[PDB]
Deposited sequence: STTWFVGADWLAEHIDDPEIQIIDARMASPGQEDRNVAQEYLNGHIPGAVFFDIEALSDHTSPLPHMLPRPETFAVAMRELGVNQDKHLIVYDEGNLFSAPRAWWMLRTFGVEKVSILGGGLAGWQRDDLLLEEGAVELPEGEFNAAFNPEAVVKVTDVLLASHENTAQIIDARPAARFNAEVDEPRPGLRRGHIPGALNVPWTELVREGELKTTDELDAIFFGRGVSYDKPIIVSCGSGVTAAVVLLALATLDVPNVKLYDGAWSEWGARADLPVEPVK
């Protein structure tokens, strides 16, 4: 199974009404030197509305990029004019750093069909398709509160897993960050956590090949025999490991949104 779509196809459907494009680009933290929103205005796919993962996080939380309430989301999604019942196509810069997160929230919050644009934006320009400028203003889109609990685990449920190694806990952070201590656990990671740098599943704006993934996981100490939980640390890359496993058809993979009440 593949969750991506090529530019060639997206272009041949740029006008298709059952489709809607979502620009999910965003800066990596430690880069408040960027203005992702602006960039969007300066250039973006035609029809794409800005999905600001940053301004969609629960700000109440001490921890970053926390999932928002199902209603706070439904508001945002409605102003932003996104329609919960169309086939959504998500995309980011081309680094596949945040499209997975966006894709995941949209499904976690009730959108049945959601795909990611292969190669993201950079792949789009490479195919020499033009951009569109300025803010997009569509009407309010149909989108009411919905939520799929089976997508997330609690701090509690992760406590068990980690305790009796009943579920494998994966860390998407990059090696160099897995053992330092610059985020807030053992050496910065959950006890028993297996490190799987998301970057190793990415090949220019999209996931490697089934086999390439199958191998990366195997050589990282991951079996498909017990369940997998992926925790969020690098802020948002976690979703990439999720997507990569979903592509391998692994079932019930859950995202550990971080340690916060409820």
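Where C-alpha coordinates are absent, the deposited sequence of this PDB chain has the segments 1, 186-189, 268-280.
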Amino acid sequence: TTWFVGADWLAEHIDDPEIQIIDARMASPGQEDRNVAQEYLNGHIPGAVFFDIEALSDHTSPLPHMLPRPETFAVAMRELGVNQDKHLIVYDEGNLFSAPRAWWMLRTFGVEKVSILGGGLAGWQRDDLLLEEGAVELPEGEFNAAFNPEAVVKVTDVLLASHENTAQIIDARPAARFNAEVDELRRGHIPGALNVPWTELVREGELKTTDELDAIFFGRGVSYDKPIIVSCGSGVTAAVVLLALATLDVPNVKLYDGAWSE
From here on, numbers count along this sequence of modelled residues.
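Per the PDB record, of the two stretches 154-162 and 95-103, 154-162 carries the greater mean B-factor over its C-alpha atoms.
Annotation for 10-18 versus 246-254: the higher mean temperature factor (C-alpha) is found in 10-18. Looking at the C-alpha B-factors along this chain, the one for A48 belongs to the middle third. In the deposited entry, the Cα temperature factor of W3 sits in the middle third of values across the chain's modelled residues. Annotation for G188: C-alpha temperature factor in the highest third relative to the rest of the modelled chain, per the entry. The deposited CA B-factor of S61 belongs to the highest third of values across its chain. In this PDB entry, the Cα temperature factor of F143 sits in the top third of its chain's modelled residues, the highest group.
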